[PDB]
Every structure is written in structure tokens, then in C-alpha cells.
Amino acid sequence: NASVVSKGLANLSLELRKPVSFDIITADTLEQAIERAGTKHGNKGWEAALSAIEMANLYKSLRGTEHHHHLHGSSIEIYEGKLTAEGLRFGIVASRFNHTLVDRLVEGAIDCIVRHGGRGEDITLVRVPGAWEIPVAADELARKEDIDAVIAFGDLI
Amino acid sequence: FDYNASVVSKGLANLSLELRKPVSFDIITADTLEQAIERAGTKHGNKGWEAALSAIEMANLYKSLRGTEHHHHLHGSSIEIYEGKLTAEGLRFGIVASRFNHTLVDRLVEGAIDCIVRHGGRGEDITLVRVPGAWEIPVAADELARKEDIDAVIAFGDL
Amino acid sequence: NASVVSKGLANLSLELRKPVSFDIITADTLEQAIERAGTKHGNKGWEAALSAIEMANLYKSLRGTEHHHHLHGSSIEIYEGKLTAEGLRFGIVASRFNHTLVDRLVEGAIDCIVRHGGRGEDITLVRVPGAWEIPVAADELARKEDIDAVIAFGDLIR
Amino acid sequence: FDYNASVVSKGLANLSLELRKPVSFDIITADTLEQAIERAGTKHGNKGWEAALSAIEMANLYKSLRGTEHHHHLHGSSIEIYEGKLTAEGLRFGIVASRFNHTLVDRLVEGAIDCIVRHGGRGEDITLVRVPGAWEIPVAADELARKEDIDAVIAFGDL
Amino acid sequence: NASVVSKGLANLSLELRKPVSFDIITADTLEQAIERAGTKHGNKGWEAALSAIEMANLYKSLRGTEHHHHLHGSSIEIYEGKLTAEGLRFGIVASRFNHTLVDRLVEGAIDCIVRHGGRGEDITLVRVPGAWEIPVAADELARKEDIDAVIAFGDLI
Amino acid sequence: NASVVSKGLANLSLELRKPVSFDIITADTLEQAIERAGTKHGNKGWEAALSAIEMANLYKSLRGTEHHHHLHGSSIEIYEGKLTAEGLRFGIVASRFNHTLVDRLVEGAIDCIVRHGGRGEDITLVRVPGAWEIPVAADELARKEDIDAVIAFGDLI
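Spelled out as C-alpha cells, the structure:
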């Protein structure tokens, strides 16, 4: 499975007369734990931002003047939110405590908004000393009329 | 029973209901291995945080000690006290780091730059110099120290 | 070795009367290993891009007309690829699978290119979900005229 | 002590009192056997969710790679990045499934259709083809792939 | 490490012709625990006041008409509070119960405000019988329009 | 791996009707030991010259009139040495004692300067009878105004 791609690139190098390289990495027992720790936190930030895009679009359609697809048959309205973060302004609140691991969640939540059609100019990040100040900082962000969703990352347990 | 994780959840939940905006609340979950990595990372961050903090205090102490300013008293007992304020406003600093073991010493540098900026230090006044190894530090540090527009020099080794 | 550097800075601080400081970061058995993995991955991407720079220069010399060097004063012509990456356009293909360790390779390769005179404007990065779609991504990118080399990084094994 | 089941009960109870409308709140209760069935069901749903998700990314990657569009940068360092947006708007897809073990593969198909629709994919553009077994897939998949109005093809086997 | 400073002061005495002394203290197994107990509480008061200076400055910049430094790249606004307690009025609420240890926190939080550019004339201290009266006493302090942050010290657990 | 090249060249020779020959060399235990020692010495000289190139560029930019190359986003300026030996003049000091070994170090360093864009006219080699004449000999070279770095190799130990 890994040897075939090397052969394909090798044949490509001779065909196009360009230097095309290929390299892999062998992992010991420890780097696998390090790699899995990073991916797990990245997914948690990815899912946290994803749950906010759906809710933001749900409010858009729930208060809309246009009803949509019914149930498996008909005569039963269904409301749900699309995963399209286009034109939505977000706000992220993170705690400085344990910043070596909280920043993984923030990076894993920014690209999720970006890859779903959202531009970085509509993202506002706020950092707080600890988890205790999160509710009172997210309150001030929500006072802004240019915010549609708030994502908060803590560090406990 | 945590008194911290419970109150933060109650506050955010009421915040969303009262303002009618979704507030996605997610926390971390580590089990005996990410905690060790996290504690190792923050230990290095604090190591470079306090290294740049003492330089600010000493730099202000020299300015106040040889300056002409009637200082305050301990409590009003007329015993004047000389101490260094933790306000790096107007101070210019220079950092020397070795790229050997750069995956760790860069956290020391990053944890020292924000310590200067948050205390009022402007970004225009921080100069960073990188060297292949610790054996190159003394000559590089000597060059920065002779400059008149440098109030402190911070160096980080390798281990 | 670590003491003479500290003593030299101590004398320098006393001479100039300013806070010259020096600190060494300790390391337990665990954080030593994570540092060793980081350096290993960084070097792996460093040499990966280093070979591409040499090969790109060699092909540019063969196609060109420059009798630059000779061997020991003899009339024979020895063709060699310099390690100056100025004026070369690169393309990097990386798999997002296990992006924690793969990103170490990507930054190492970019660091090697920029330190050898290369520019950031001439680097093109392509991300793919896995390693099985690298060849289709690579040959689509490699056929572009403004690409002098292509570097591909797969996912981890074992 | 759950921080999730407690806050949801408090919010709904106050919601009914403040609005004077009954809010029947019922949750699930499983003990070591429905949990295994539930986890088995959601594992298949995610299996077909990501299968259709990678097709969207690859389809957009090809369009952007061979297209004439100045792409954005990593952070502003001028290194342009090519990546596939997860917006299946305007893409047309074709799914081939085998009715062998239809009680499981239909969850894969159902978990892939909603993944396309929720990401903006219109329902008019999804075409589903069923075959008696996996041995009929290659010819059926070949017929769909040759169509010009097909941007991706997804197939599900049997086991 | 300790002998060199004594030699340096000794040479200074001969050079300047002034009596310059130097003294150290040797600690047994118990005074080390006593010393560590005092430092640990002093840090807790130091950190508690530090977390209030940052939040007070965060409100100043969050409601400001001037946006500041972006993320590691650009196009993403970041809001954070400087550790400059200049011009900020504070209020401290402490409980008389266990006053032999609560006063350590108060002293460790007053100098933190002082060493960061804050003058003592903007600090208001209020003492209460027990921890139960802290929320209702901090409420009255916050009613004052000349208060920007409230620090509360209890004694339980 | 080793045989695939032979098959590829055979097809290349047939396609162009031109002689193309490939062959490998078999080594016993003794020749393997001596050849890895020679490569080890070459790497040692390569590393020694590489550090000199970087340090020479660092000082050149450190005292340069121009100020640029700021950090990404922030306004702090980073000083670092590029690995481009173009325009730099070097000087190498080697001892005749154990010349069979030192010459590999010298040759392993000359190519490193040349392969990084350094001309051969800027390299100056100086040979001394032994390592005990290096300090004075290196001192004389350093005083020259057309020398940017000095590399010295000692005797075996």
C-alpha cells in the first residue's frame, strides 16, 4: 500500500524529467501517543466549532419565512441547520491556563470555520486568565451586534 | 462538587437563553498522559516567563537607585524603600537563543516575549538573535550588550 | 562547557552594570524523548528538501550552457548541483492524516528552502486527506510549468 | 455531578414555568446491551459519513487545482495553499450500493446522503443505484463514471 | 555560590572603607515548612490580584474604539488585557475568620497592585465576619462607581 | 532496488541505440570499515565549515545599516545567518601532523564553501608543522581585513 505510491512517483519523475521525492516516517511506541493526543484535541475543537455552525444556521431557518423538507413522508415539518458557515461572524474565548493544550483546540476550530466557507475576518478571539472568567467575558462579546455564535474552551478535569 | 466546572456551565447556559445566541461550551479531557505533556509544556513557559520578569525588575531598580527621585515609604514610617516596578515601559531588550533543541527553547523565547509585551513593552524594542549552539552565545551576547540602546540581555542554553 | 558561558556573562554584567542573564532548561526522561522526536522529524524534512534543491540545480545546469567548473585543472567538465535555492519554485504535497507529525516535516522543508536563499512566494503547499491520493495530487501539480521540484510526505507507519 | 444532565433539566423546568407551557423532558436509559447496539449503529453511520466527505474534498481540490484562482496564504507568509473546501454546492454525485446485507449498507447510504445535503448539496443531483451484490459494482460504477454530469462516485461493499 | 558574594562584599569593604556585612540563615526541617507555607499563600494572593488586573484592562480594551494586534498571521482580531494597573481602583473583601492566614493573602495582593503601577489610595479594604457574608458585602462595594475590580478571600476546605 | 536501475537503463539503451552500462561494487568487511571512517571525517569537516558560514553572515547582518526581516505578524526583528557563502572570504589552518587525516577534513570543508555559492578565489589555506603552531598562525590570518572566518583543524587525539 505504501510501496505502490513510491513506484508511481518514481515513474512520474522519469516521465516529466523533474525531481519528485517521497518520504515516510516510522513511529516508535511513544510518538504514536503524542500524535494521537494532538489529533484527539484537534477533533474536539473541530466538533465544538461544528456544533456552533449548525445552531447558528438553525436559528436562521427557524425564524425564517420559508419552510423546508418534510419528514420521511410528508405533512410533518422538519427544521435543521446546514453546515455552511458563509456570512456568519464567530467569537472564540479561551483561557491562558494550560495554553500549551488549549491552543490546539483554537487552531482546530478556526480551520473548521474556514473550510466551511467562513473567512477569518469574521472571527474574533479573546483570551482570559482562567476558566472562571469565561462566562463574564463571553457575555461582553455577545453584547456586540456583530456576533452570531460564541465558542468557549476551558481546561479542567 | 467542583465549584468551578459547575458554575461555568450554569452561567453559559443562562447566557445563551437570555441572549438567544448559541454558546458552544467545550472543555478538555486528559488521562495521565496529556496531563504530563501539558504540565511539561507549561513548566517551560513559566521558566522563560520569570527569566524575563527578573530582568525588568533589575533594569528598573538600577534606574531608580542611581536616579534622583524621592521614593515612597514602607508604611509611612519614613524608611524609604528602593524596589523595581514591574512596568517594562520604555525599556529595550535583547534575547539570544540557541537553535539546538529549538523545539523547547522556542517556548522559552515565546514565553519571554509576551511577558515583556503584556507589561507595556513595545514590540519595536525587542531584538531576537539566534545562534547554532550555546558555545556561540558569549560573543553574540557581548555584541548586544555593548549597544547603548539595550537595557537587558536574556540568554537561553541547551540541555 | 555550560559553566564558562555563565561565568563570562556574569563578568559582562558586572562590567557594564546591566542585567545580563543566562538560564538552562532542564529535562526529565519524558520531555527529553519528545524533544528527540521533534528534532528527528525536523531533520527528516530538512534533508528531504535538501536533495530536491541539489537535483533541481543539476537539471538546470545540464539544460543550460555554462562551462562553470573543471576537475583538477583537466579539460574534463564535471557537472554539479549547487545548494543555493534562489530562483527555484517548489511544490509540497502532504497528507492531513496524522497531521501532528507530518506538519513537522513540512515546516522543516520550508525552513531549509528559505535559509538557502529561497523565497516564501515560490513555495506551493497542497494538502490531501490521505496518502493514497498523493500520486493524483502530485502529477496534477508536477505538470505545471512553474514547478522545479515536488516533495511528497506520507503518513506514519508501524 | 454530570454538568450536562443537570443543567438541561434546570433550563427546561424554568422554561416551562416562565412560558406556562408543558415541556415533557424524557431521556434514554440503556444497560450494557442497548449501548452496544447504539454504538454499532452510529459506527456505521460515521463510516458512510466520512466516505462521502472525502469525495467532496477531492472534488473541490481538483476544481481548484486546475482552475485559475489566486488562492489564500497559510498565515500571510505568501506560501499559497491548495485545499478542498467542504462545500458541496453545485457538485453532482452518484452512489452505488449492494442489496446484500442491506440492513447495514443502507445506513451507510443514508449516512452519506445527508452529509451531501447538509453541506449544501441539492437533492436533485444525487443518483442512487442498487445492485444484487458487490460483483455487479464495477460495471455499474463504470457506467456512472463515464457520465459528464457526475463529479464523484461512491461505492459500498459487503461483509 | 554563597561564598563568592561574601568575598565580593569583603573586597568592597576594604575598597570603600565602610563596614559592609553579610549574613545568612540555616534552616532546620521545620522552618522550611513554615517558610514554604508563607510563600505559597503569598503567591495565591499575588495570582488572585493579577487575574483581576488583566480582566479590568480587558474590559477597557474590549469596549474601546481601537483594535489591536492580530493573530500569528493577520485578519483575526485578538483582545487581551495588559498587566498595567495604572489608574485602576480596586476593592478587597476578606473574612475575619482565620485572620492569621487570610491576612497573608491580603498583603500578597496589595503589593502586586503596587508593583504594577497602582497607588494605595485607590485600594479599599473591607473585612467581614465569615465567608457567608462575602457575596453581600462585595455587592455593596461594586455599587460604588469608583470601583473597577473586586477581590474576595475566603477560608474553607 | 539495486537491480531495478539495471532494467531501466537497458530499455533506455535499446530505445536510443546507444551504449549505457551500469555496475555495482562488492565490498568485504575491511573496506566497509575504512570507507565509513572516510565519510565520517568528511562530515566532520562539512559541519565545521557550515557553522562558520552561518556565523559570518550573522555578524555581517548584525552590524549592517539596514534593519528588516521582522517576525511574521509582530514587529520584533530577528537576526539570523543564511547558509549562503557568496561573497565571504575564508581561511583554513591545518597541521601536517597526520596529514592523511587532516586533508580529508580540509577537502570536506572546501567543497562545502564552494557548493554554497562561494568562489575558490576567496579561500586561503595555511599549513603548519604541528598543532602547537596553530594559535599564532591563526592569529596572523585573523588580523587580515579580507578574511571573514577562520577554521582550524588539530591533530589526532
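Protein chains in written order, with the numbering used here: chain A, 1 to 157; chain B, 1001 to 1159; chain C, 2001 to 2158; chain D, 3001 to 3159; chain E, 4001 to 4157; chain F, 5001 to 5157. Just so it is clear, CB atoms sit at the ideal spot from N, CA and C, and this is done for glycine as well.
Residue 4010 of chain E to residue 4102 of chain E span [Cα, whole Å]: Between residue 4010 of chain E and residue 4102 of chain E, the C-alpha separation is close to 41 Å.
Could you confirm whether any beta carbon from chain C is found closer than 8 Å to the beta carbon of residue 5068 of chain F? Taking Cβ atoms only, chain C never reaches closer than 8 Å to residue 5068 of chain F, which makes this a no.
Per DSSP, what kind of secondary structure is residue 5099 of chain F in: helix, strand or coil? Of the three classes helix, strand and coil, the one that applies to residue 5099 of chain F here is helix, per DSSP.
Is there a C-beta anywhere in chain C that falls below 8 Å from the one on residue 1001 of chain B? Chain C, which has no Cβ nearer than 8 Å to the Cβ of residue 1001 of chain B, makes this no.
Since residue 4945 of chain F sits in a beta bridge, which residues does DSSP pair it with? Not covered by the structure: residue 4945 of chain F. The range shown for chain F is 5001 to 5157.
For residue 3057 of chain D, name the three-state secondary structure that DSSP assigns. Looking at residue 3057 of chain D - three-state DSSP - the assignment turns out to be helix.
I'd like the list of long-range same chain contacts for residue 117 of chain A, defined as Cβ closer than 7 Å, with 5 residues on each side in sequence excluded. Once the five neighbours on either side are set aside, the close Cβ partners of residue 117 of chain A are 84, 85, 86.
Quick check: the Cα distance between residue 5034 of chain F and residue 5105 of chain F, rounded to an integer number of angstroms? Here the C-alpha atom of residue 5034 of chain F lies approximately 15 Å from the C-alpha atom of residue 5105 of chain F.
Can you tell me whether residue 4139 of chain E is helix, strand or coil according to DSSP? Of the three classes helix, strand and coil, the one that applies to residue 4139 of chain E here is helix, per DSSP.
Residues of the region 4 to 25 of chain A in Cβ contact with chain C at a cutoff of 8 Å, in chain order, please. Result list: 5, 8, 9, 12, 16, 17, 18, 19, 20, 21, 22, 23, 24, 25.
Residue 5158 of chain F versus residue 5079 of chain F - alpha carbon distance: Missing from the structure shown is residue 5158 of chain F; chain F here goes from 5001 to 5157 and no further.
Looking at residue 2148 of chain C and residue 2096 of chain C, is the spacing between their C-beta atoms short of 8 Å? At the C-beta level, residue 2096 of chain C and residue 2148 of chain C stay beyond 8 Å of one another.
Contact list for residue 2084 of chain C against chain F, beta-carbon separation under 8 Å: Think of a sphere of 8 Å around the beta carbon of residue 2084 of chain C: the chain F residues whose beta carbon falls inside it are 5084, 5086, 5116, 5117, in chain order.
Where residue 3081 of chain D sits in the DSSP three-state scheme: Residue 3081 of chain D: strand per DSSP, three-state reduction.
Report the rounded CA-to-CA distance for residue 1051 of chain B versus residue 2021 of chain C, giving the unit in angstroms. Roughly 8 Å between the two C-alpha positions.
Residue interval of the alpha helix (DSSP H) (run including residue 3008 of chain D): Going by DSSP, residue 3008 of chain D is part of the alpha helix (DSSP H) stretching over 3005 to 3019.
Output needed in chain order: residues of the region 5043 to 5067 of chain F with a Cβ under 9 Å from some Cβ in chain B. Within the region 5043 to 5067 of chain F, the qualifying residues are 5050, 5051, 5054, 5055, 5058, 5059, 5062, 5063.
Residue 1110 of chain B touches chain F at which residues, Cβ-Cβ below 8 Å? Going along chain F, no residue has its Cβ under 8 Å from residue 1110 of chain B, so there is no contact; the nearest lies around 11 Å.
Based on DSSP bridge pairs, tell me the residues matched to residue 2022 of chain C. Answer is B/1155.
So is residue 4129 of chain E buried or exposed if we call it buried at 16+ other beta carbons inside 10 Å? It is exposed - the Cβ of residue 4129 of chain E has fewer than 16 other Cβ atoms within 10 Å.
Chain C partners of residue 1104 of chain B, CB-CB under 9 Å? Chain-order list of chain C residues neighbouring residue 1104 of chain B: 2025, 2027, 2031, 2034, 2035, 2038, by C-beta distance under 9 Å.
Sub-8 Å separation of residue 4082 of chain E and residue 1122 of chain B beta-carbons: No Cβ-Cβ contact shorter than 8 Å links residue 4082 of chain E with residue 1122 of chain B.
Chain E within 8 Å of residue 135 of chain A, Cβ atoms only: Proximity of residue 135 of chain A to chain E, defined by a Cβ-Cβ separation below 8 Å, is not satisfied.
As assigned by DSSP and simplified to three states, the class of residue 5157 of chain F: It is coil, neither helix nor strand.
With DSSP run on the structure shown, which of helix, strand or coil describes residue 116 of chain A? Residue 116 of chain A falls in the coil class under three-state DSSP.
So, does the CB of residue 2157 of chain C fall closer than 8 Å to a CB anywhere in chain A? Judged by the 8 Å Cβ criterion, residue 2157 of chain C is in contact with chain A.
Helix, strand or coil: how does DSSP classify residue 41 of chain A here? DSSP, read as helix, strand or coil, puts residue 41 of chain A in helix.
For residue 1004 of chain B, decide whether its Cβ has a neighbour in chain A, counting only Cβ atoms nearer than 8 Å. The beta carbon of residue 1004 of chain B sits closer than 8 Å to some beta carbon of chain A.
When you compare the CB positions of residue 154 of chain A and residue 1027 of chain B, do they come within less than 8 Å of one another, or not? Remark: C-beta atoms of residue 154 of chain A and residue 1027 of chain B approach each other more closely than 8 Å.
Count the other CB atoms within 10 Å of the CB of residue 1149 of chain B; is the residue buried (16 or more) or exposed (fewer)? Residue 1149 of chain B is exposed by the Cβ-count criterion.
Mind checking if residue 145 of chain A is an interface residue toward chain E, Cβ cutoff 8 Å exclusive? No, residue 145 of chain A lies away from the interface with chain E (no Cβ there is under 8 Å from its Cβ).
Nearest-angstrom Cα separation, counted from residue 91 of chain A out to residue 122 of chain A: Their Cα atoms are separated by approximately 8 Å.
Between the C-alpha atoms of residue 5164 of chain F and residue 5028 of chain F, what's the straight-line distance to the nearest angstrom? With chain F covering 5001 to 5157 only, the question about residue 5164 of chain F has no answer from this structure.
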